[PDB]
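Taken one at a time, structure 1 and structure 2 that follow are two forms of one protein chain, written as structure tokens.
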Structure 1
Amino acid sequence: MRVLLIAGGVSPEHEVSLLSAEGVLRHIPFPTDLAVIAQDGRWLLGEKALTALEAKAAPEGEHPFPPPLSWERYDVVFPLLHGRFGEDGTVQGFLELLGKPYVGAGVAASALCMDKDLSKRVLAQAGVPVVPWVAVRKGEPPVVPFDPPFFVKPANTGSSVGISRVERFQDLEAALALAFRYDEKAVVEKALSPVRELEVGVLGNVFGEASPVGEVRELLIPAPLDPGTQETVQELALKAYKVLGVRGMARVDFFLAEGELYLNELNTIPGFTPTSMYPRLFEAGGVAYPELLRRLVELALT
């Protein structure tokens, strides 16, 4: 059972992608070689990939995509890439055409969870509560039916680049301009204030099991929630996970404001440093970090 791990990436989260790879390699129970996508698109293989990892960065690669990798040697690919060209279904489509079982969500689930607009429409239709939002498409002036403060975001960029907290309606045009530099579609979310940020991990194919609830202030595991709020968070995570058809894993971020929950975002490739939120959430749930990785590889083969 040979496992391929892909890390790095062209996204602004290339640095944290290599840090997550360093953690998986140490504790993954399977033989695992490392391949790295440098920040210029070209890949690094072999010991050249290990060289990029021990340096925590890789600004330039050697082989253009697709690389001369021996895909038949591996049974599972672990795409540990964050954001565009990682969590958006492009890599997953290349792997589906390779015929390789891989860790994480499929093409549809990755692309949908990546789109902050289309994911909310699916969830809102399935009864899952989400933050009030409106999509704005480039060239089309916006109709925002709610008052500031807003969050203006590119719908498919991720990595929090191009996001604007908008306090005045007159600042909206400049916020959409900044977002449209990264995507053709933008979202305008009602900023909840004050608000608590809750995160929960899911593990499984479609029908998943929820981790304990965490809270971001440091990370409080378990979060100090009343027992009814805690169950509803885990219930809404598993429901969204099911409706969207996520496979492998997801970190489901929620907002809690005035006793009301709002699903914010599903992250299909969360941080995976032994100190990141997703693996620590399942630690407190009784799933050891190496055991978490075995479950991820085994779920790919099913």
Structure 2
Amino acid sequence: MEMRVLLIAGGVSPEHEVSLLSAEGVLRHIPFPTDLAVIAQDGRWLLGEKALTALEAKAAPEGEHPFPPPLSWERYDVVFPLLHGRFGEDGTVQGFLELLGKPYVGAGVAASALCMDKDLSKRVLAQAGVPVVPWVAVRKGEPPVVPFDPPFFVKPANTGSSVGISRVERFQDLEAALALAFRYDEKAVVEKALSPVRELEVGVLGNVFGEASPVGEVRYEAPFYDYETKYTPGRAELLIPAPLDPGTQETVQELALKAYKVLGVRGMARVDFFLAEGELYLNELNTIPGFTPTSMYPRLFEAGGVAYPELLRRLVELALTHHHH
């Protein structure tokens, strides 16, 4: 069976650089012939050799081709969008690939848009009976109304890689944290800070009915799991399988697969959890998790017997299983 993959990375979101790092990880292990297309930070695309040059520079601030690119789509059998964050993970790029008729890796338009919004996903999961941290949404320009005591975490609703996230100890500091969050999104979420908190992560592989990886725990000495901790090698420790009680591992996997099914995710997702005072909370689902050298999604399925090339092979294959339907 003929298979040629087009890999798209970069993007206009703050995670532009993280996306190129993920692209390098995928290219080093994907078992299919794969071409790279880069979306530069200005929204213009780089194709062919100019895309590989931008990958070597680990940043593409400016691109060549305005959207839509003159890409020979017919040459590829599956498109692998690796665009973390806004305009890549939130269903907008997915909508373009749907109208293009090309099979593509990962969640569709709906699952991507709803998993990217920290307020909407928490609305759906809370109704479904999934435990979530207390939270409220704040629209840019509206006065916040936080019906619980600090500490808070303030986040852009569409964020990734902990960009624009603040831990707020005093109400005096809510205004500055919201102003930081509103640089990246018109909507912010304010969550009750769990402290102390343990952070659990589990990978999911599959279309709607997912297969769960072992549960992993992230540990670090920074105040929280911030940008520098996430992508500086050595700062983040992954303990697989997570040191959890008899049965706690299964509950984490059951919640992840439940949220996966309810939201209708296809392909993959990394589901993050909080463990505080013995209580589990689902933090978020990431439909396009990182494949950077310090990323956890490949390591989680590595520990579950799915090697890195086999994981990428199954992702491309799941894209065709849905498209062939």
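C-alpha atoms forming the largest set that superposes within 1.5 Å between two forms make up the rigid core. Residue numbering: sequential along structure 1, first residue numbered 1.
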Which of these moves by 2 angstroms or more at the C-alpha between the two structures, core superposed: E197, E209, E184, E231? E184
From C-alpha superpositions of the two rigid parts, what is the smaller part's rotation angle between the two structures, in degrees? 10
Mind pulling the C-alpha shift for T275 between the two structures, with the rigid core superposed, in Å? 4.1
May I ask for the C-alpha shift of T157 between the two structures, in Å, based on superposition of the rigid core? 3.7
With both forms fitted on the core, how large is the C-alpha shift of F30 between the two structures in Å? 1.0
